[PDB]
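All residue numbers refer to positions in the sequence shown, counting from 1. Side-chain atoms are counted along with the backbone in the values below, which use heavy atoms only and exclude waters and symmetry mates. Note that ligands are numbered from 1 as they come in the structure, with each ligand's atoms numbered from 1 the same way.
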Amino acid sequence: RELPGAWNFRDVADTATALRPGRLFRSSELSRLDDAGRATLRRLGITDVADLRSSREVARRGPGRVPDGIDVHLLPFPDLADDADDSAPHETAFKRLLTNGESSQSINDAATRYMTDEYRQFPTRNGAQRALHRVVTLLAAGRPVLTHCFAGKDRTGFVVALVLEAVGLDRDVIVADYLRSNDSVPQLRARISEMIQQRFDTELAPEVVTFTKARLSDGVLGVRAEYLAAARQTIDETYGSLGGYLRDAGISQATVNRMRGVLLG
Ligand SMILES: O=C(O)C(=O)N(Cc1cccc(Cl)c1)Cc1ccc(S(=O)(=O)NCCC(c2ccccc2)c2ccccc2)s1
Ligand SMILES: O=C(O)C(=O)N(Cc1cccc(Cl)c1)Cc1ccc(S(=O)(=O)NCCC(c2ccccc2)c2ccccc2)s1
């Protein structure tokens with residue numbers, strides 16, 4: 001099951017078999033969705049898209065190329081305010097990942113540090129709870145939803161895993177679906193490489209192209225159970241339970257119980 005023009009696409013029920021098929025989907029960005037990809041979204045009955053990319057990402061790579069009749073909910077994560085102080089932490093963390101030195105071990109140690117520390121902050125970050133609130137509300141209402149970001153692996157992974165835990169699925173099932181993102185690493189690598197080739201002059205700055213590709217092609221493209229567990233520990237420590245977290249995000253147990261009624265076989 002492919003989604004032409006996009007990658008890392010699956011019906012979450014493909015691995016989480018307790019779920020009804022056709023309710024909750026996940027993918028990469030839909031910036032390059034082609035005719036066949038659009039026909040697929042329609043065939044599957046998907047009515048709503050949750051676009052988790054920051055507004056900066058959407059501006060630079062474009063809106064989802066969805067067919068008519070599909071509402072795209074823009075659900076930026078992080079949701080950044082005219083405020084350089086707001087974006088600074090994100091820019092600084094990315095710069096450190098890139099510019100921390102040449103060995104694969106050091107490059108991948110930096111990727112592990114970056115990813116882990118960002119996941120730890122996922123629950124408390126502006127935009128994550130609004131994203132989760134909308135996705136849960138749409139799902140509880142019986143609407144088939146496709147949730148995505150850029151890679152569809154971390155931000156998307158976090159939102160999906162919380163939805164699955166909310167409807168009562170076990171850890172091994174949630175983690176299995178989460179790790180499925182690793183099957184798309186080579187494709188992600190190619191997408192990012194093509195992006196590097198266009199944002200940089202490959203003739204006049206080939207050293208920068210080479211340096212950058214070396215930090216955006218290996219360990220940093222995967223997911224690991226420890227990443228998700230770090231977000232999940234934040235939820236535990238600060239909110240005391242997933243239910244406590246969902247309530248702070250404005251979602252009641254009654255809405256959760258309705259979503260469970262809808263999503264489970
Ligand atoms: O350009 C876009 O497209 C976009 O909005 N991005 C870039 C991006 C999107 C998806 C995946 C990756 Cl790895 C990067 C989101 C960003 C991530 C980090 C930033 S930043 O504020 O730290 N600016 C540095 C971007 C950086 C870069 C962009 C694309 C690919 C590799 C590196 C960069 C751009 C130009 C010169 C040097 C570094 S902006
Ligand atoms: O969620 C995904 O799946 C996903 O698309 N990514 C982007 C990515 C893919 C491959 C390699 C890298 Cl380094 C990043 C993985 C993420 C890394 C970090 C995050 S984050 O939610 O903690 N911060 C995301 C906003 C950020 C950013 C966008 C694209 C790529 C890198 C970082 C950002 C937004 C605006 C200015 C600077 C940085 S999400």
With a 3.5 Å cut-off and no angle check, do the side chains of [X] and [Y] form a donor-acceptor pair?
| X | Y | value |
| --- | --- | --- |
| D177 | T15 | no |
| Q253 | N257 | yes |
| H73 | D48 | yes |

Can you confirm whether something in the protein, heavy atoms only, sits under 4.0 Å from [atom]?
| atom | value |
| --- | --- |
| atom 27 (C) of ligand 2 | no |
| atom 23 (N) of ligand 1 | no |
| atom 30 (C) of ligand 1 | yes |
| atom 14 (C) of ligand 2 | no |

Q) Where do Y178 and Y227 land on the ring pair (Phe, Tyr, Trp, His ring centres under 6.0 Å) test, with the steps shown first? A) CA-CA 10 Å; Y178 171 76; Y227 293 168; 7.7 Å; no
Please state whether [X] comes within less than 4.0 angstrom of ligand 2, counting heavy atoms only.
| X | value |
| --- | --- |
| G152 | yes |
| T156 | no |
| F122 | yes |

Q. Within 45° of the axis and under 6.0 Å from the centre of the six-membered ring of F211, does NZ or CZ of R215 qualify?
A.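 Judged by the rule, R215 and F211 form a cation-pi pair.
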Nearest neighbour of [atom] from the list [options], on a heavy-atom basis:
| atom | options | result |
| --- | --- | --- |
| atom 32 (C) of ligand 2 | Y119, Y114, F150 | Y114 |
| atom 35 (C) of ligand 2 | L80, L52, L216 | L80 |
| atom 9 (C) of ligand 2 | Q121, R60, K153 | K153 |
| atom 2 (C) of ligand 1 | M195, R199, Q197, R53 | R199 |

Q. Is the shortest N/O to N/O distance between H90 and ligand 1 below 3.5 Å?
A.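 By distance alone, the answer is no.
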Q: Within a distance under 4.0 Å of any heavy atom of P78, pick out the atoms of ligand 2 and give their elements.
A: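 This gives 23 (N), 24 (C), 25 (C) as the contact atoms.
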Q. Judged by non-hydrogen atoms, does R56 sit under 4.0 Å from ligand 1?
A.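 It does, in that a heavy atom of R56 comes within the 4.0 Å cut-off of ligand 1.
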Q | Top protein contact for atom 34 (C) of ligand 2, by heavy-atom distance | A |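 Protein heavy atom with the smallest distance to atom 34 (C) of ligand 2: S54 OG, 3.7 Å.
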Q: Tell me which protein heavy atom sits closest to atom 16 (C) of ligand 2, plus the residue, atom name and distance to 0.1 Å.
A: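 Looking only at protein heavy atoms, the one closest to atom 16 (C) of ligand 2 is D154 OD2, 3.8 Å.
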Q. Do the side chains of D35 and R38 get nearer than 4.5 Å, heavy atoms only?
A.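 In short, these two side chains touch, coming nearer than 4.5 Å.
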Q: Measure the NZ-CG distance between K153 and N182 for me, rounded to the nearest 0.5 Å.
A: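 Answer rounded to 0.5 Å: 9.0 Å.
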